[PDB]
file coords-v6.pdb (PDB, C-alpha atoms)
ATOM      1  CA  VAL A 216     143.774 -32.437 263.373  1.00  0.00           C
ATOM      2  CA  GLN A 217     147.230 -30.932 263.682  1.00  0.00           C
ATOM      3  CA  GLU A 218     149.921 -31.323 266.296  1.00  0.00           C
ATOM      4  CA  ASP A 219     153.632 -30.987 266.875  1.00  0.00           C
ATOM      5  CA  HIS A 220     156.302 -31.759 269.444  1.00  0.00           C
ATOM      6  CA  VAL A 221     159.538 -29.970 270.247  1.00  0.00           C
ATOM      7  CA  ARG A 222     162.173 -31.554 272.463  1.00  0.00           C
ATOM      8  CA  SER A 223     165.282 -29.484 273.104  1.00  0.00           C
ATOM      9  CA  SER A 224     168.136 -30.968 275.107  1.00  0.00           C
ATOM     10  CA  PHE A 225     171.151 -28.957 276.214  1.00  0.00           C
ATOM     11  CA  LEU A 226     173.878 -30.613 278.272  1.00  0.00           C
ATOM     12  CA  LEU A 227     176.994 -28.602 279.098  1.00  0.00           C
ATOM     13  CA  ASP A 228     180.144 -29.687 280.917  1.00  0.00           C
ATOM     14  CA  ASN A 229     183.277 -28.081 282.284  1.00  0.00           C
ATOM     15  CA  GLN A 230     186.331 -29.235 284.227  1.00  0.00           C
ATOM     16  CA  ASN A 231     188.592 -26.234 284.795  1.00  0.00           C
ATOM     17  CA  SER A 232     191.397 -27.550 286.986  1.00  0.00           C
ATOM     18  CA  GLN A 233     194.685 -25.939 287.978  1.00  0.00           C
ATOM     19  CA  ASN A 234     197.965 -26.650 289.746  1.00  0.00           C
ATOM     20  CA  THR A 235     200.805 -24.526 291.087  1.00  0.00           C
ATOM     21  CA  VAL A 236     203.893 -26.109 292.657  1.00  0.00           C
ATOM     22  CA  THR A 237     206.853 -24.040 293.832  1.00  0.00           C
ATOM     23  CA  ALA A 238     210.062 -25.005 295.617  1.00  0.00           C
ATOM     24  CA  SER A 239     212.792 -22.935 297.241  1.00  0.00           C
ATOM     25  CA  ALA A 240     216.293 -22.986 298.712  1.00  0.00           C
ATOM     26  CA  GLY A 241     218.730 -20.460 300.104  1.00  0.00           C
ATOM     27  CA  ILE A 242     221.292 -22.276 302.220  1.00  0.00           C
ATOM     28  CA  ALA A 243     223.713 -19.374 302.387  1.00  0.00           C
ATOM     29  CA  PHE A 244     225.882 -18.095 305.158  1.00  0.00           C
ATOM     30  CA  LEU A 245     228.576 -20.707 305.678  1.00  0.00           C
ATOM     31  CA  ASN A 246     231.006 -22.462 303.306  1.00  0.00           C
ATOM     32  CA  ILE A 247     229.042 -20.777 300.496  1.00  0.00           C
ATOM     33  CA  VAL A 248     228.054 -17.199 301.259  1.00  0.00           C
ATOM     34  CA  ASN A 249     225.315 -17.368 298.620  1.00  0.00           C
ATOM     35  CA  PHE A 250     223.519 -19.725 296.281  1.00  0.00           C
ATOM     36  CA  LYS A 251     219.764 -19.862 295.760  1.00  0.00           C
ATOM     37  CA  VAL A 252     217.498 -22.445 294.140  1.00  0.00           C
ATOM     38  CA  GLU A 253     213.783 -22.209 293.358  1.00  0.00           C
ATOM     39  CA  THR A 254     211.659 -24.038 290.803  1.00  0.00           C
ATOM     40  CA  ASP A 255     208.190 -23.090 289.597  1.00  0.00           C
ATOM     41  CA  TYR A 256     205.449 -25.215 288.057  1.00  0.00           C
ATOM     42  CA  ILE A 257     201.903 -24.338 287.003  1.00  0.00           C
ATOM     43  CA  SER A 258     199.494 -26.552 285.078  1.00  0.00           C
ATOM     44  CA  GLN A 259     196.010 -25.788 283.791  1.00  0.00           C
ATOM     45  CA  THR A 260     193.255 -27.870 282.245  1.00  0.00           C
ATOM     46  CA  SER A 261     189.925 -26.486 281.053  1.00  0.00           C
ATOM     47  CA  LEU A 262     187.676 -28.900 279.169  1.00  0.00           C
ATOM     48  CA  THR A 263     184.164 -27.864 278.163  1.00  0.00           C
ATOM     49  CA  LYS A 264     181.684 -30.188 276.489  1.00  0.00           C
ATOM     50  CA  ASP A 265     178.208 -29.195 275.350  1.00  0.00           C
TER      51      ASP A 265
ATOM     52  CA  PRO B 415     183.118 -68.696 249.731  1.00  0.00           C
ATOM     53  CA  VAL B 416     185.811 -68.396 247.084  1.00  0.00           C
ATOM     54  CA  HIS B 417     187.926 -65.272 247.396  1.00  0.00           C
ATOM     55  CA  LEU B 418     186.614 -62.533 245.102  1.00  0.00           C
ATOM     56  CA  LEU B 419     189.370 -59.944 245.604  1.00  0.00           C
ATOM     57  CA  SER B 420     191.756 -58.659 248.266  1.00  0.00           C
ATOM     58  CA  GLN B 421     192.524 -54.961 248.574  1.00  0.00           C
ATOM     59  CA  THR B 422     193.907 -52.430 251.045  1.00  0.00           C
ATOM     60  CA  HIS B 423     193.246 -48.790 251.893  1.00  0.00           C
ATOM     61  CA  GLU B 424     195.026 -46.137 253.940  1.00  0.00           C
ATOM     62  CA  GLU B 425     192.952 -43.399 255.568  1.00  0.00           C
ATOM     63  CA  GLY B 426     193.647 -41.101 258.489  1.00  0.00           C
ATOM     64  CA  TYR B 427     191.270 -39.949 261.195  1.00  0.00           C
ATOM     65  CA  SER B 428     192.176 -37.701 264.106  1.00  0.00           C
ATOM     66  CA  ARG B 429     190.947 -40.073 266.795  1.00  0.00           C
ATOM     67  CA  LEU B 430     189.385 -39.367 270.185  1.00  0.00           C
ATOM     68  CA  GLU B 431     191.595 -39.016 273.250  1.00  0.00           C
ATOM     69  CA  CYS B 432     190.272 -37.959 276.666  1.00  0.00           C
ATOM     70  CA  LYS B 433     192.829 -39.365 279.098  1.00  0.00           C
ATOM     71  CA  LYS B 434     193.748 -38.388 282.651  1.00  0.00           C
ATOM     72  CA  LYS B 435     197.395 -38.225 283.723  1.00  0.00           C
ATOM     73  CA  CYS B 436     198.724 -38.056 287.280  1.00  0.00           C
ATOM     74  CA  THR B 437     201.627 -35.696 287.924  1.00  0.00           C
ATOM     75  CA  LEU B 438     203.229 -37.262 291.014  1.00  0.00           C
ATOM     76  CA  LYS B 439     200.423 -39.600 292.195  1.00  0.00           C
ATOM     77  CA  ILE B 440     198.954 -36.771 294.315  1.00  0.00           C
ATOM     78  CA  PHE B 441     197.145 -34.757 291.672  1.00  0.00           C
ATOM     79  CA  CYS B 442     196.076 -35.740 288.175  1.00  0.00           C
ATOM     80  CA  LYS B 443     195.310 -33.753 285.041  1.00  0.00           C
ATOM     81  CA  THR B 444     193.161 -34.793 282.091  1.00  0.00           C
ATOM     82  CA  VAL B 445     195.193 -34.036 278.961  1.00  0.00           C
ATOM     83  CA  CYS B 446     192.692 -34.228 276.123  1.00  0.00           C
ATOM     84  CA  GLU B 447     194.794 -34.219 272.956  1.00  0.00           C
ATOM     85  CA  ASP B 448     193.402 -35.894 269.839  1.00  0.00           C
ATOM     86  CA  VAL B 449     196.105 -37.526 267.743  1.00  0.00           C
ATOM     87  CA  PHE B 450     196.583 -38.302 264.069  1.00  0.00           C
ATOM     88  CA  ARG B 451     196.567 -41.933 262.946  1.00  0.00           C
ATOM     89  CA  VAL B 452     196.708 -43.575 259.515  1.00  0.00           C
ATOM     90  CA  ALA B 453     194.512 -46.621 259.900  1.00  0.00           C
ATOM     91  CA  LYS B 454     194.559 -49.348 257.265  1.00  0.00           C
ATOM     92  CA  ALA B 455     192.209 -52.197 256.428  1.00  0.00           C
ATOM     93  CA  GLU B 456     192.715 -55.042 253.960  1.00  0.00           C
ATOM     94  CA  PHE B 457     189.403 -55.562 252.161  1.00  0.00           C
ATOM     95  CA  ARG B 458     189.073 -59.249 251.250  1.00  0.00           C
ATOM     96  CA  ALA B 459     186.040 -59.950 249.080  1.00  0.00           C
ATOM     97  CA  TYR B 460     184.978 -63.599 248.873  1.00  0.00           C
ATOM     98  CA  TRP B 461     182.520 -64.243 246.058  1.00  0.00           C
ATOM     99  CA  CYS B 462     179.940 -66.823 247.087  1.00  0.00           C
ATOM    100  CA  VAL B 463     179.114 -69.401 244.411  1.00  0.00           C
ATOM    101  CA  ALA B 464     177.156 -72.645 244.524  1.00  0.00           C
TER     102      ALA B 464
END
call {"tool": "encode", "arguments": {"input": "coords-v6.pdb", "output": "structure tokens"}}
result
Amino acid sequence: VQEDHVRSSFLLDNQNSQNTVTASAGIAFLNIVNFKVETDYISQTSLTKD
Amino acid sequence: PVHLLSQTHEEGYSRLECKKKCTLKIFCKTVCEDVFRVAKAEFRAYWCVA
């Protein structure tokens, strides 16, 4: 009388988020013929769990 | 419960850290970053005698 059990379990996760923020300027004809401002911002987050 | 012996140890474990952080209350990122930490415990043995 022989027997056996197998019980595999496989649970995987992922949370791959992102951001991208940009600003701008460019007030330039009068009292200052030119000055320009722009910022950039990018953020990532990738978290896997198995 | 008369005090057998007091003693201290200093070990470090890189703990668990899965925390979410908001950028400007609009979006949030989860910055998982496990941090070092020297924990310490003072082992106080108390020999039990009748």
call {"tool": "interface_residues", "arguments": {"input": "coords-v6.pdb", "of": "chain A", "to": "chain B", "cutoff": "8 Å", "atoms": "all atoms listed in the file", "output": "number ranges by chain"}}
result
A: 232, 260, 262
call {"tool": "residues_around", "arguments": {"input": "coords-v6.pdb", "residues": "residue 463 in chain B", "least_positions_apart": "3", "cutoff": "12 Å", "atoms": "all atoms listed in the file", "output": "ChimeraX atom specification"}}
result
/B:415-418,460
call {"tool": "resolve_selection", "arguments": {"input": "coords-v6.pdb", "expression": "the PyMOL selection byres ((chain B and resi 452-457) around 8)", "output": "PyMOL selection string"}}
result
chain B and resi 419-427+450-451+458-459
call {"tool": "closest_residue", "arguments": {"input": "coords-v6.pdb", "among": "A:225, A:237, A:219, A:230", "to": "residue 259 in chain A", "atoms": "all atoms listed in the file"}}
result
A:230
call {"tool": "closest_residue", "arguments": {"input": "coords-v6.pdb", "among": "A:249, A:217, A:254, A:223", "to": "residue 235 in chain A", "atoms": "only C-alpha atoms"}}
result
A:254
call {"tool": "atom_distance", "arguments": {"input": "coords-v6.pdb", "atom1": "CA of residue 434 in chain B", "atom2": "CA of residue 257 in chain A"}}
result
16.8 Å
call {"tool": "atom_distance", "arguments": {"input": "coords-v6.pdb", "atom1": "CA of residue 256 in chain A", "atom2": "CA of residue 433 in chain B"}}
result
21.0 Å
call {"tool": "resolve_selection", "arguments": {"input": "coords-v6.pdb", "expression": "the PyMOL selection byres ((chain B and resi 448) around 6)", "output": "ChimeraX atom specification"}}
result
/B:429-431,447,449
call {"tool": "atom_distance", "arguments": {"input": "coords-v6.pdb", "atom1": "CA of residue 438 in chain B", "atom2": "CA of residue 243 in chain A"}}
result
29.5 Å
call {"tool": "resolve_selection", "arguments": {"input": "coords-v6.pdb", "expression": "the PyMOL selection byres ((chain A and resi 227) around 9)", "output": "VMD selection string"}}
result
chain A and resid 225 to 226 228 to 229 263 to 265
call {"tool": "axis_aligned_box", "arguments": {"input": "coords-v6.pdb", "around": "range 450-453 of chain B", "padding_each_side": "4 Å", "output": "AutoDock Vina command-line options"}}
result
--center_x 195.6 --center_y -42.5 --center_z 261.8 --size_x 10.2 --size_y 16.3 --size_z 12.6
